[PDB]
Amino acid sequence: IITX
Amino acid sequence: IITX
Amino acid sequence: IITX
Amino acid sequence: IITX
Amino acid sequence: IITX
Amino acid sequence: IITX
Amino acid sequence: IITX
Amino acid sequence: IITX
Amino acid sequence: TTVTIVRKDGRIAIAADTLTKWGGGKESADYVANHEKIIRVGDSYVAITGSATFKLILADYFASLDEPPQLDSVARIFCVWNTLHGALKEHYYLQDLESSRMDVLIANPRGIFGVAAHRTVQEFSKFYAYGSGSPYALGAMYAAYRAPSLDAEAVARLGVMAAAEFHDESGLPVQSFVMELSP
Amino acid sequence: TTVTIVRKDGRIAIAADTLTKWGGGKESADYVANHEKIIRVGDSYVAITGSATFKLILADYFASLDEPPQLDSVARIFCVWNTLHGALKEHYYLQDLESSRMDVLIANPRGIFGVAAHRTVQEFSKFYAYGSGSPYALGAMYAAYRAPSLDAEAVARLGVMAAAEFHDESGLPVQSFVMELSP
Amino acid sequence: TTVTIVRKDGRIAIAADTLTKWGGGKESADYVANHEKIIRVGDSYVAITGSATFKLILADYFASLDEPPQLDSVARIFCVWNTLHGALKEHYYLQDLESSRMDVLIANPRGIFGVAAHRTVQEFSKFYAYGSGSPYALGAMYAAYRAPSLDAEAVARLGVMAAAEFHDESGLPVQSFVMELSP
Amino acid sequence: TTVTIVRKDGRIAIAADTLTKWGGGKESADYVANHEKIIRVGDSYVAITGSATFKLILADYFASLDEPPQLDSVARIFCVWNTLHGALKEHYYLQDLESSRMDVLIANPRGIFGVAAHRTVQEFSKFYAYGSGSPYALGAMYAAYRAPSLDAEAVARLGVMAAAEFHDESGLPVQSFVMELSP
Amino acid sequence: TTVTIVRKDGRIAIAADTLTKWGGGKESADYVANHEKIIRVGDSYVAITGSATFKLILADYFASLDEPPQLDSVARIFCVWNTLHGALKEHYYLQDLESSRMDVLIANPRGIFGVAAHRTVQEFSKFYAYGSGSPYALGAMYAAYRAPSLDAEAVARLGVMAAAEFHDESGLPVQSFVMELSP
Amino acid sequence: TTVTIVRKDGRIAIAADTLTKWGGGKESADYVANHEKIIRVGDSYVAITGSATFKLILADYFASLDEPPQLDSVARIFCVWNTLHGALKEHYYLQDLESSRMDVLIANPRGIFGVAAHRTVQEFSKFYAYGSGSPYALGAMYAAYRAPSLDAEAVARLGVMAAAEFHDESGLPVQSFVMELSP
Amino acid sequence: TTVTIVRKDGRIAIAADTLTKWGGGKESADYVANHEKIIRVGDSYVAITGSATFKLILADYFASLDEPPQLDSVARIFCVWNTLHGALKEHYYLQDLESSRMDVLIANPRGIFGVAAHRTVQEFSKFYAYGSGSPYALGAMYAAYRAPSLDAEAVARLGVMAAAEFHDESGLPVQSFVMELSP
Amino acid sequence: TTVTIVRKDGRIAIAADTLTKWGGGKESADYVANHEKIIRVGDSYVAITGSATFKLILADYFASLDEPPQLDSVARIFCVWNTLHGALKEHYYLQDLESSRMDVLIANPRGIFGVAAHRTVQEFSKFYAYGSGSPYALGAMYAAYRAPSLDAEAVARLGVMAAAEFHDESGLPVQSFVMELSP
Amino acid sequence: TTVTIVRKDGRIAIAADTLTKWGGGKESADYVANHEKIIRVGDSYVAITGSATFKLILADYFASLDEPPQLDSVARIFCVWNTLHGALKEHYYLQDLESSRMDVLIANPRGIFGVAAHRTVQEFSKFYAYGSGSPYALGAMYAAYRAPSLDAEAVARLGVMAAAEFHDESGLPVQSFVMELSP
Amino acid sequence: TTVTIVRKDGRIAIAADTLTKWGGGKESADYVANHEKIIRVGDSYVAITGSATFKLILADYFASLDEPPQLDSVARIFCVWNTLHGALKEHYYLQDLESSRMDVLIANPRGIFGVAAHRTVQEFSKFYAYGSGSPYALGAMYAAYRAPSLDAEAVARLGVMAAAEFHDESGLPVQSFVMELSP
Amino acid sequence: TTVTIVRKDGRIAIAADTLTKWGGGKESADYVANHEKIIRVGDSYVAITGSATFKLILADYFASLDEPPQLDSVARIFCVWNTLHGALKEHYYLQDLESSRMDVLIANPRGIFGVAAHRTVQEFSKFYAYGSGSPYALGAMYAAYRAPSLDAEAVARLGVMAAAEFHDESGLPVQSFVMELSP
């Protein structure tokens, strides 16, 4: 869970 | 809720 | 649990 | 709920 | 738990 | 529930 | 549950 | 928490 | 509710209290005109415990069949009830085995029966009782069943009275019916 | 809400309070124009407790039928309500037996009735009350019912006044209707 | 339980039902000899709701004081009860503000009062009722209070009867007392 | 357990079943030598429901007092039990009002009494029963109490028998005692 | 319930108790006419534990098949039960692997078998028991199995008696059947 | 664990299995030297179920008293155990009535007894068993008790063997002791 | 359960214990005729852990295919098992990736393999073990694998014996099979 | 698992550890023949973290396509993975955005990429690592990346070694591959 | 951790792994200087499982006593440990019976012992193992114990190796000690 | 993430940081080649917050339409987004009103807009910012907006810098774009 | 935080990052004057992870002792910390074994050590790292430790830089110290  |  |  |  |  |  |  |  | 059923000396009797509860509220037979908990279905009587709505559901359901059902053997009562359950779900908005949420006693001249909420059908040999008042009724009928001056209907009614005496979900008057055992 | 219904000396009456609640917020009849909780359906009056939305739903629903329904016997009221329930679910977004979430009293010249949320239909023999104010109303009507100077409508209204006196979900004015019992 | 208290035309009256509950079990006055829910403490009467044990605790407690307490003004009743609470905890095994777990009405010739479970002491001007039957009683007394043929004691008792009529935690007979208001 | 107590025609009787339970396990009087649930304390009999350990605790406790206590009025029984409770906590490892976790019936020549787990002390006028079998016993005694051929002891024992007939926590034989009412 | 099954000296036997439970309520064979927990299916006997309803379900289900099923090998019994399960769900309102919620012993001349609730089918070589009384029964049969004076049916029945002696879900009389092992 | 105790034909015997469990791990007598679950205390034998630590606690505790205790009547055993419990808490780090967390059987020449975890002390008249293997043992001993070729010790041991046959918390060998009943 | 698999010196072996568990209940090979946990599927052996029902499911499932499947490479076993899983759901009532709820070892002449419950298929180069006894078996085989006097089958069986020695879910006798590695 | 990927001086390398875990159980490359976590798909290498089953699923899935997919740009890898996800759900029993439950690195001559479990596709410019060992690997490669004596493959492998040194989910040997960057 | 202890052919040996864990982090003996898990206490060796802090706590505690303790019989070890526990709580901030949160093996010339976290003290007759690696070690030692070429220390060490082979909480090197059994 | 948008003196600008997070892990622009969080869609720029996957989803989605959408009025953006949401669910595996799980800013020559996760579309008159860094950015732009030496792009970028200065989910470099407002 | 410690070629070094976090908020050394995480205590350096408050607590605590403590052996550090813990609780409001909630590394000329939150004291032989950045640091130091051009301090600092490169709880500049190993 790769977030901006 | 009405019961006998 | 005896009540009035 | 009646059981054997 | 032994009960009367 | 019978298990090997 | 066998993992890498 | 360090364990043996 | 208390409902009772008795079989003694060639006669069969069935009885019920008449009190309706709404919470701790009491709706006695003095305020409710349609306070009877026993209905007729063919030549059987059916005494009902559970939600008060089931009185009317069964009346409507059994009325809607081609003819009324035979309720005079355990296997027969079972089929009737297994079908009924499906109908409670499909037409009447009911929600291990599923529960029909009602316990009933069934009296007719061929025998005395009970159906419990998970469709356990029993045939009784002397007496029985369903409903929350049931254990008070069982004790009373146990004490009175062999009294030679008390016929099946007296014993049935005595059961209901005992429950109304000591339990807050049962109330007098008692409604009851009697019939001859067939040969 | 308090709604009441009475049958006495050849007359039948029905009454209701007029207060709407939104939480602890009070919306009295002085601020809400359409504060009436009794609707007409054929020659019956229907007094409603529950969500305020049900007043409008029943009005719309009954309006949409071919003719208005007969609401003058326990079995008939039962069918009407069992169908109604299905409609609440299919058209009006309602969510042991399922609940219709409303309690109503029904008055017409052939009798006084009630339908509770699980479709228990009752016919009453003197008076009754539904709604959260209901016990205050029952007590008041118990005290006044045999007063020879108080007709059915006075007794019905007195029930509502008692509830509004002591309970925060009921409010004056009282709306009421009266009719002759038929022969 | 229902307990009531009334002050009308120079008289003061207090009343109570007589039914004891154990679950849904009913222990009526017919089976329990010591069924009275009102006790005497000085020239005051104290009607008690809550656990049946509190009848005996108060009797024992008040008995044990040097003289009985003055219960004839709001501030006085308050001190008495604040002390009492400490004693319930230190001697009698009671467990925002802590609760004394009982609601009582107090009648004496100087006035009519109530103490609720969080030691809210009130003086009443016409009538009031405590206990689970209380709203039925309040409605009945609201209807009957201005009846010119019903003295304070009739009204008090009527309150209890109304509750016993419709609620499963109250039961007849009614025990009541009456006294003259002092000048 | 079922325990019963009866007062009729100048005699007083007290009775109990003899079955001990450990889960669903049954320890009948045929396997357990010390199966009696009634103990003697002065000229009173005390029939005990609850943990089997309480039989021995009470015996030890009452033995340890200077003399045995008077258990012949409601107020007296109350004091005895209020003190007892403190001792159950300080010496015997017991854990709204606190519970003593036992219900007992007490018979002596001056009357028949009960103490429930929150120290509600009652005096009974005809009969009563405590324990999980209690409602079966109440019904049976209700049916038999006015039978002119059944003395107090027969009625007491009939209560226990009814419970053992229908409930899985009671078992025969019945132990009972009888005494003459004093003048 | 206790059900047992034994194979010894060229004979096969099967046995069951006769007590029905409803909570802590006991419905003995003395009150219930249709108290048998073993049914016949072809030349097999099927002893059932679980809800009492399953007795009637299996009877109805097996009755409805073209001919009765072969229940004489582990693989066969397995197919029969895998199909059955689907039917319990589709017609009879049953709710890792799903459970059929019943354990049964099956006796016929070709062998002794058991089917547990997750369709584990076992063939037994000397004896076994199912039901909550099962460990008492297993102990008794372990002690008696090699007794040369006790045939297969005596051993089966002894199992049930042991369970009824010590456990509250089993009750006498014992129902049993015996047959010759085939060659 | 299974422990058993028997009294028959003027002899008394006590027995135990020898398996220790740590989770699903088995520590048989073949790996653990100090595998005995019965200790001597005066001329009594005490067979212990529960945490394995209790074997050592009781040994240490009883060793520390001025003389060993009399364990030959129900009242005596009760005092010993009530004191013991306090010591388990004050010295040995133990955590309705509190539990001592062990069940023990006690054999001496004056009788056979048991003490369960809430200090219920029982005297037994023929045989009994404690521990998770206990129902298997009870069944076996029920079948063998009246066998005229099996003395008290054979029966006691047979109980343990039955439990080790069918239950995963019991294991052979069996340790047992026997003594003459005193006159 | 313990199952093991070994490949050594041109032979391949597979082994399993024979104990069935039902709770803490033990059903040893001495009471259960069909106690084998390994089945034959083509020229492979499949040793199964998990619910006992899976033995029969796989036997039925593989029997029902056009021919038995090739289980001799990792990719092949994977397909077989991915299809199998769908069938467990559609026909046999099974409930990150879904689990098949069983772990198996597979031996044939072309290699030794395992499939764990989330369809992880592994090929083993020396030995492995599945089931709750598995770590005891791994340790024992680690110690014995290079012993020059122990062939593949001895090592496999030693694994199972170790687990039965110390763990309560494994039991002797050991069932095993051996084959020659192919060229 | 640790997987790494590096791009340096015109070469691209990818590496992985070889240890499989089952709980705290270690299945090293010494026991598992098919221990490789990198698969070939066209001229790309795909290193996988997550359930061991995904190695086989991807191999089966990519094998089943008309031709192998282009995995050489971020948008392309994204489409491939979005489709794949649907197939994991429809054919392979996978259960804000849904997760594919695996993180992979992808190396081919046109670049180095990663796909995380929620289909975040990244192109890397120097090096990266996925898996639970990943931060150990990132630190080691951060220290060694600019070492002029260490080519891309040395750095990739050093990452894995670092993780195996300090973390219990990674284990030697290291499997790795190297290729020329295309022009 | 794995710790082992063995007694064979007149010699006694004790062994331990050397890996410290912090989460999934590994702190091998190569990074930690004080990696030994066995301490000396008098002429006993004590191998410790649990928090790594307990090594130092025991060393400090035993150092602080007047002389070191006798740890050469079960009863003695018990007293030492029961006192110790109190000290863990009063001086070292430790938090049915309370747990000391450590399992240890104790070797001296008079025997081999273990103390588990609830102060269960056991004497072992051949070998045993504590720690999470324990079942792998038990299996290995079961296989090797009767090997005539492997002395007590070889067997002890082999246990630890087996655990380090297959479990992620144990690691090589093995530390071990050996001594002669006394006469 | 921080994204900002500014409209000032006839110019419009949009900016974003370039840091990707994976837990507490930082993936800076120095390691990730495709670190841009703004995409082009027609003549609009779309800056994205939320999962990193949404960058690629929107790019693929908008690419797949017949022509790119008009994003230049609030009603238009709303339709585009309402349709989009349905596609996120049907094609891209997204899971009061449903959330699209992303907040975006949209710049084009006809205005500056934002769409929040529940499809609230806003048009901004001076500046705004979305993303966890957003309040730092708002503060900075509030301070700088009226600075006459700072054009729209300087202000947009300053917002991102402020967030990167103080918050652990934003990182330099800043990516930004600028365009002329249309007439 | 990341803190590191190294021992190499006759020198000892310790290092730390300088970033303080408050949630996701970053308080870099550029905004916080007292950003140092290493304190001096005698001739030891103590690097602290955990709440920022512990820097000050330890400084205050050690300052308050008669002389500073010896922190140069594992046993000595243990006593210092066990006492310290009691003080954290009695004076500084700290809340299996209790946790001191901080991990520290300790460097002095006689060695390199660590104390983890449950007072596990370790002596290190080459390098180690504590704090959430610790695995990144371990990997980097693993790669660089044997580089002949990097002294102990370079390696220590490199560890911190690696963590600050990839993890959001660590930040540059690095603070470090170096000393000569004593003889």
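As summarised from the PDB record, the model derives from X-ray crystallography at a stated resolution of 2.95 Å.

As named in the PDB entry, chain I is BPH, taken from Thiobacillus denitrificans.

(A) How the structure looks around the nonpolar core. Grouped together as the largest cluster of nonpolar side chains are 164 residues, with contacts concentrated most on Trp-81 of chain I, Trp-81 of chain J, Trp-81 of chain M, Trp-81 of chain O, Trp-81 of chain P together with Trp-81 of chain R. Apart from residues no more than four positions distant in its own chain, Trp-81 of chain M is found in contact with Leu-58, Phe-62, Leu-71, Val-104, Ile-106, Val-115 and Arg-119 of chain M. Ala-87 of chain L, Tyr-92 and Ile-106 of chain N together with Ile-39 of chain S belong to the second-largest nonpolar core, a separate cluster that totals 136 residues.

(B) Local environment of the sheet that holds strand β1 (residues 3-8) of chain K. Residue and element names in this part refer to chain K. The sheet built from four strands is open, its strands ordered β10-β1-β2-β11 with antiparallel pairing. Two strands in the sheet have a free side with no partner beyond their single neighbour: β10 (127-130) and β11 (175-180). Neighbour to neighbour, the strand axes of the sheet diverge by 10 degrees on average, direction disregarded. For strand β2 (residues 11-16) and β11, the ladder comprises six bridges, and the chain directions are antiparallel. Counted as the bridge partner of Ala-16 is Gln-175 from β11.

(C) Spotlight on the sheet that holds strand β5 (residues 38-41) of chain N. Residues and elements named next belong to chain N. Here five strands make up an open sheet; going across it, the order is β5-β6-β7-β8-β9 and the pairing antiparallel. Pairing within the sheet leaves two strands with one partner each, and these edge strands are β5 and β9 (121-124). Looking at each pair of strands side by side, their axes are set apart by 25 degrees on average, direction ignored. Both strand β8 (residues 111-115) and β9 contribute to a ladder of four bridges, which runs antiparallel. Bridge pairing in β9 links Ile-112 to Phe-124. Contacting β7 (102-108), β8 and β9, helix α2 (residues 74-91) runs over the sheet at an angle of about 145 degrees to β9.

(D) Structural detail: the interface of chain J and chain I. Each side of the interface is counted separately: chain J has 25 residues, and chain I has 21 residues. Together, the buried faces of chain J and chain I total about 2,200 Å²; carbon and sulfur atoms form 56% of this surface. It is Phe-78, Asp-96 and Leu-97 of chain J that lose the most area in chain J upon contact with chain I, and together they represent 31% of the buried surface on that side. Remark: the boundary between chain J and chain I carries one salt bridge.

(E) Seen up close, the packing of helix α1 (residues 53-63) of chain R against helix α2 (residues 74-91) of chain R. Residue and element names in this part refer to chain R. Interaxial distance between α1 and α2 falls to 12 Å at its minimum, and their mutual angle equals 110 degrees. Comparing the axis directions of α1 and α2 gives the class roughly perpendicular. Residues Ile-57, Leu-58, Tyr-61 and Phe-62 of α1 lie in contact with α2, whose contacting residues are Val-80, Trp-81, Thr-83, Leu-84, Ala-87 and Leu-88.

(F) Spotlight on the interface of chain I and chain M. Counting residues at the interface gives 25 residues for chain I, matched by 21 residues for chain M. Between chain I and chain M, the buried area comes to about 2,100 Å², and carbon and sulfur atoms account for 56% of it. Of all residues in chain I, the largest losses of buried area upon contact with chain M belong to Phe-78, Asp-96 and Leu-97 of chain I, amounting jointly to 30% of the total for that side. The salt bridge partner of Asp-30 of chain M is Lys-126 of chain I, with a shortest N-O separation of 3.1 Å. Taken together, the links from chain I to chain M amount to 15 residue pairs in polar contact. Listing elements by their share of the side of chain I that touches chain M, those giving two or more residues are α2 (74-91), β9 (121-124) and β10 (127-130) of chain I. The biggest single contributor to the side of chain I that touches chain M is α2 of chain I, with seven residues. For the side of chain I that touches chain M, the residue count by class is 11 nonpolar, seven polar and seven charged.

(G) Structural detail: the pattern of salt bridges. Scanning the model with the defined rule gives 87 salt bridges over all chains in all. Measuring nitrogen to oxygen at the nearest pair gives 3.6 Å for the salt bridge that ties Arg-11 of chain L to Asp-151 of chain L. When its relative accessible area of 32% is taken as the criterion, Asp-151 of chain L is described as partly exposed. Put simply, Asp-43, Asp-72, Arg-76 and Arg-110 of chain I are held in one network by salt bridges that share partners.

(H) A look at the packing of aromatic side chains. Counted according to the given criterion, the structure contains 138 aromatic pairs over all chains. On the numbers, 6.3 Å between centres and 80 degrees between planes, the contact of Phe-124 of chain Q with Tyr-130 of chain Q is edge-to-face. According to the relative accessible area criterion, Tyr-130 of chain Q is buried, its value standing at 1%. An aromatic cluster is defined as three or more aromatic residues linked by ring pairs; in this entry it consists of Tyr-31 of chain I, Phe-127, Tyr-142 and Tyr-145 of chain J together with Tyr-136 and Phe-166 of chain K. The ring of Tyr-145 of chain J is capped by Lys-8 of chain J, whose NZ or CZ atom sits 5.8 Å from the centre of that ring.

(I) Summary view of a nonpolar patch on the surface. A cluster of nonpolar side chains, namely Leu-158, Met-161 and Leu-172 of chain R, defines an oily patch on the protein surface of about 260 Å² accessible area. On the basis of relative accessibility, which here comes to 42%, the residue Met-161 of chain R falls in the partly exposed class.

(J) Here's a closer look at helix α2 (residues 74-91) of chain S. Compared with an ideal rise of 1.5 Å per residue, which puts 18 residues at 26 Å, α2 of chain S spans 25 Å between its outermost C-alpha atoms and is within 8% of the ideal. Positive backbone phi, approximately 65 degrees, marks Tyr-93 of chain S, located one or two places after α2 of chain S.

(K) The arrangement of the arrangement of the chains in detail. The two units chain G and chain H never meet; even their closest C-alpha atoms stay 23 Å apart. Taking C-alpha atoms as the reference, chain G and chain I come no closer than 30 Å and do not contact one another.

(L) Here's a closer look at unusual backbone geometry. The omega angle of the peptide bond from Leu-172 of chain K to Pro-173 of chain K is -5 degrees, so this bond is cis rather than trans. Along the chain, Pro-173 of chain K falls in the loop between α4 (152-166) and β11. Here the phi dihedral of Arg-119 of chain I falls at roughly 60 degrees; this positive angle occurs in a residue that is not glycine. Assignment of secondary structure puts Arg-119 of chain I in the loop between β8 (111-115) and β9.

(M) Broad picture of the environment of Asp-103 of chain K. All names here are of chain K. Within the secondary structure, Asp-103 sits in strand β7 (residues 102-108). Between the C-alpha atoms of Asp-103 and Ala-129, which are 26 residues apart in sequence, the distance is 9.9 Å. Among the polar contacts made by the side chain of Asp-103, one reaches the main-chain amide nitrogen of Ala-117 at a distance of 2.7 Å.

(N) Structural context of the side chain of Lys-8 of chain K. Residue and element names in this part refer to chain K. For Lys-8, the location among the structural elements is in strand β1. Of the polar contacts made by the side chain of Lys-8, one reaches the backbone oxygen of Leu-150; its length is 2.7 Å. Leaving out residues up to four positions away in the same chain, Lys-8 has contacts with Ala-144, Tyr-145, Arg-146, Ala-147, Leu-150, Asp-151 and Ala-152.

Procedures and definitions
- Residues numbered from 1 in each chain as written, not as in the entry; some residues may be left out.
- Chains lettered and ligands numbered in written order.
- Part of a larger assembly, values for the part shown.
- Heavy atoms only, no water.
- Residues with missing side-chain atoms left out of burial classes, pairs and counts.
- Core = buried A, V, L, I, M, F, W, Y, C linked by side-chain atoms within 4.5 Å.
- Buried < 20%, exposed > 50% of the residue type's maximum accessible area, 1.4 Å probe, protein only.
- Contact = heavy atoms within 4.5 Å.
- Pairing = 2+ DSSP bridges.
- Helix = DSSP H or I, 4+ residues; strand = E, 2+ residues; numbered from the N terminus.
- Axes fitted to C-alpha atoms, helices over the stretch in contact; angles between N-to-C directions.
- Buried area = accessible area lost by both parts, 1.4 Å probe.
- Salt bridge = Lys/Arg side-chain N within 4 Å of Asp/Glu carboxyl O.
- Parallel < 35°, antiparallel > 145°, perpendicular 65-115°, else oblique.
- Polar contact = N/O pair within 3.5 Å; in protein donor to acceptor, adjacent residues only side chain to side chain.
- Nonpolar A, V, L, I, M, F, W, Y, C, P; charged D, E, K, R; others polar.
- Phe/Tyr/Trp six-rings, centres within 6.5 Å; stacked < 30°, edge-to-face > 60°.
- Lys NZ or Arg CZ within 6 Å of the ring centre and 35° of its normal.
- Patch = residues over 30% accessible without salt bridge, like charges linked within 9 Å, V, L, I, M, F, W, Y side chains within 5 Å.
- Areas by Shrake-Rupley, 256 points an atom, 1.4 Å probe, with all protein chains shown as cover.
- Expected span 1.5 Å × (residues − 1).

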